[PDB]
Amino acid sequence: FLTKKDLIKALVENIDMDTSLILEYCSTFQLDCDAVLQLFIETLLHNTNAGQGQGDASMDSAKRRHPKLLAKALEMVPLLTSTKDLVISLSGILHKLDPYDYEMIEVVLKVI
Amino acid sequence: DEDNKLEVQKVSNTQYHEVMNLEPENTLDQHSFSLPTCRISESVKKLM
């Protein structure tokens, strides 16, 4: 079961997952919930950051995602216990974000 | 008989403390191996 971390990436890539599912999966195999949740948020924002650039029509596909992204991101924040590292990594990503991606800034600063 | 306890006392000599400190969270569906509440005739119980 020490190798059960290998699925953690494969689970996170899916957009539609329950948070309690991840919590119980981590609790069953004795895994830290905070690191998995912060990685889930990092990948949730990075996928939309990696979902752009597919032509000029990616803006319309991302604009509908952004409110859902923020809505799903806000709910897991109280579930963490130590967000200091998550906030530091989020600040680094924000410094790595595009200046003309103001929705990314809106969701990142609101999560912070 | 006690003659088969030669291989038993060699097992009941280990002292462990790292096991009682860890409770596995594994679950089982134990509803498929019990007997639900019912009313049986006393004759059947006496026969058993």
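Look up: the structure comes first, before these words.
**Student:** Sorry if this is basic, but what is going on with the overall build of chain A here?
**Tutor:** When helices and strands are counted, chain A shows 6 helices and 0 strands. Sequence-ordered secondary structure for chain A, helices as α and strands as β, is α-α-α-α-α-α. Taking the principal axes of its C-alpha atoms as reference, chain A extends roughly 45 × 25 × 20 Å. Per-residue burial over chain A gives 34% buried out of 112 residues. Sequence separation of at least 24 residues holds for 59% of the intrachain contacts in chain A that already meet a minimum separation of 6. Per element, the accessible surface of chain A, about 7400 Å² overall, is 59% carbon and sulfur. Between the mean site of the 11 positive side-chain charges and the mean site of the 16 negative ones, chain A shows a separation of 1 Å.

**Student:** Whenever I open this one, empty space enclosed by the protein confuses me. Can you help?
**Tutor:** Vacant regions in the atomic arrangement are exposed by a probe of water-molecule size rolled over the atoms. Residues and elements named next belong to chain A. All told, the structure shown has 2 cavities of 30 Å³ or more when counted by the stated rule. Roughly 110 Å³ of internal volume is contained in the largest cavity. Together, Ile-41, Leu-44, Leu-45, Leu-69, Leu-70, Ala-73, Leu-90, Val-107, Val-108 and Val-111 line the largest cavity. Considering only residue class, the lining of the largest cavity consists of 10 nonpolar, no polar and no charged.

**Student:** Can you walk me through the packing of helix α2 (residues 19-28) of chain A against helix α3 (residues 33-50) of chain A in this structure?
**Tutor:** For any two helices packed against each other, the geometry is given by the interaxial angle and the distance between the axes. All names here are of chain A. In the contact formed by α2 and α3, the axes pass within 10 Å of each other and the chain directions differ by 140°. Regarding the angle of α2 to α3, the classification is oblique. The chirality of how α2 crosses α3 is right-handed. Facing α2, whose interface residues are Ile-22, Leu-23 and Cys-26, α3 presents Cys-33, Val-36, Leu-37 and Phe-40. A breakdown of the residues in the contact of α2 with α3 according to their chemical character gives 7 nonpolar, no polar and no charged.

**Student:** Which parts of the structure should I look at to understand the pattern of salt bridges?
**Tutor:** A side chain of one charge can pair with a side chain of the opposite charge when the charged atoms of the two come close. Residue and element names in this part refer to chain A. If you walk through the whole model with that rule in mind, you get 1 salt bridge over all chains. The partner of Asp-60 in a salt bridge is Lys-63, and the shortest N-O contact between them spans 3.2 Å. Pair noted here: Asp-60 and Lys-63 are both in helix α4 (residues 58-76), with a separation of 3 residues, about one helical turn. The exposure class assigned to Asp-60 is partly exposed, which follows from its relative accessible area of 43%. Looking at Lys-63, the relative accessible area reads 47%, which means it is partly exposed.

**Student:** What am I meant to see in unusual backbone geometry here?
**Tutor:** Comment: phi is negative for the bulk of residues other than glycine, and the bulk of peptide bonds are trans. Positive phi is not limited to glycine here, since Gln30(A) has a value of about 60°. Locating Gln30(A) in the fold gives a position in the loop between α2 and α3.

About the thresholds
Residues numbered from 1 in each chain as written, not as in the entry; some residues may be left out. Chains lettered and ligands numbered in written order. Part of a larger assembly, values for the part shown. Heavy atoms only, no water. Helix = DSSP H or I, 4+ residues; strand = E, 2+ residues; numbered from the N terminus. Buried < 20%, exposed > 50% of the residue type's maximum accessible area, 1.4 Å probe, protein only. Contact = heavy atoms within 4.5 Å. Areas by Shrake-Rupley, 256 points an atom, 1.4 Å probe, with all protein chains shown as cover. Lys, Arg positive; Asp, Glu negative; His and termini not counted. Charge placed at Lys NZ, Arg CZ, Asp CG, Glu CD. 1 Å grid on protein atoms, 1.4 Å probe; cavity = no way out; pocket = protein on both sides within 12 Å on 5 of 7 lines; lining within 4 Å. Points joined across faces, edges and corners; volume = space filled by probe spheres on them. Nonpolar A, V, L, I, M, F, W, Y, C, P; charged D, E, K, R; others polar. Axes fitted to C-alpha atoms, helices over the stretch in contact; angles between N-to-C directions. Parallel < 35°, antiparallel > 145°, perpendicular 65-115°, else oblique. Left-handed = near helix turned anticlockwise from the far one by under 90°. Salt bridge = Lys/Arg side-chain N within 4 Å of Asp/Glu carboxyl O.

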